[PDB]
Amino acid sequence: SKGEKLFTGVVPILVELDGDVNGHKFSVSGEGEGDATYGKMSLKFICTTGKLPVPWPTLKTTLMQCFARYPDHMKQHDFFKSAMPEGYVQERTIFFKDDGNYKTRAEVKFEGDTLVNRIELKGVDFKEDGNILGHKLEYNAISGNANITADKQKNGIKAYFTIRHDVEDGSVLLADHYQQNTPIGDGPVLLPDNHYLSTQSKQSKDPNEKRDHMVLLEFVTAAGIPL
């Protein structure tokens, strides 16, 4: 596969999310640019249905690991680009400690020159007055590692990690992520040795934007296999 060549330049991004969390229905769209050479994404997301009924930080991981920078010595481990342009399915369960869970299914693929991330999210068993539906989580940066392993059975990958969300009382809300990806096309893909993706995130607001929204600058770097 030559999916990697699709990412040497700056790539426009389009994101669409339809969500239902305890019957609160909402939609999110996003736009921006990926520059995988530098592991970079710059993005702006908007709630198109009014007020987001969950905190923006709980949606960050759901809302494109194809833009990670794989160092040259690790290029043979980049499943995410190998699947393009036909794309991959990305499925998670996210278990929020002592609260509900999200189930997500996304298709990530090229539509012409645009990289499109289309997502359905279903959340169940949330506490209507807990830290999520109660909007009690810090709006600050989620950085850290996503652990990747081959799923030779499905010809894709699994991933796993725990996100640590700060709560506004000084406590921490743990979100355990379980991830499966599979190629959409039947062409060959790269099945990796164990490694991780390291994400550095800066989150911000646009002072001219009236819609409920989130601005993100992300840098993502493949690591864990030495030179």
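Don't overthink the numbering: it's just position in the shown sequence, from 1.
Q: Residues with no coordinates between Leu63 and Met64 in the deposited sequence, how many: none, 1 to 3, 4 to 9, or 10 or more?
A: The entry has a short gap there, with 1 to 3 residues left out between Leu63 and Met64.
Q: Comparing 205-213 with 9-17, which stretch shows the greater average C-alpha B-factor in the deposited entry?
A: Comparing 205-213 with 9-17, the higher average CA B-factor belongs to 205-213.
Q: Mean Cα B factor from the PDB record: higher for 23-31, or higher for 184-192?
A: Here the higher of the two C-alpha B-factor means belongs to 184-192.
Q: By the entry's C-alpha temperature factors, tell me which of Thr93, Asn140, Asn117, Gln90 sits highest.
A: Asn140 has the highest C-alpha B-factor of those listed.
Q: Using the temperature factors in the entry, find which of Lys158, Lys40, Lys44, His177 has the highest value at its Cα atom.
A: Highest C-alpha B-factor among the listed options: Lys158.
Q: Going by what the PDB entry lists, where does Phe126 fall on CA B-factor within its chain: lowest, middle or highest third?
A: According to the entry, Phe126 has a C-alpha B-factor in the chain's highest third.
Q: Report the third (lowest, middle or highest) to which the CA temperature factor of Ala223 belongs, ranking only the modelled residues of the same chain.
A: It belongs to the middle third of the chain when residues are ordered by C-alpha B-factor.
Q: With respect to C-alpha B-factor, does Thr199 fall in the lowest, middle or highest third of the chain as deposited?
A: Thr199: CA B-factor falls in the middle third of its chain.
Q: Is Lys109 in the lowest, middle or highest third of its chain when residues are ranked by C-alpha B-factor?
A: For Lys109, the deposited C-alpha B-factor lands in the lowest third.
Q: Give the position of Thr162 by CA B-factor within its chain, expressed as the lowest, middle or highest third.
A: According to the entry, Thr162 has a C-alpha B-factor in the chain's middle third.
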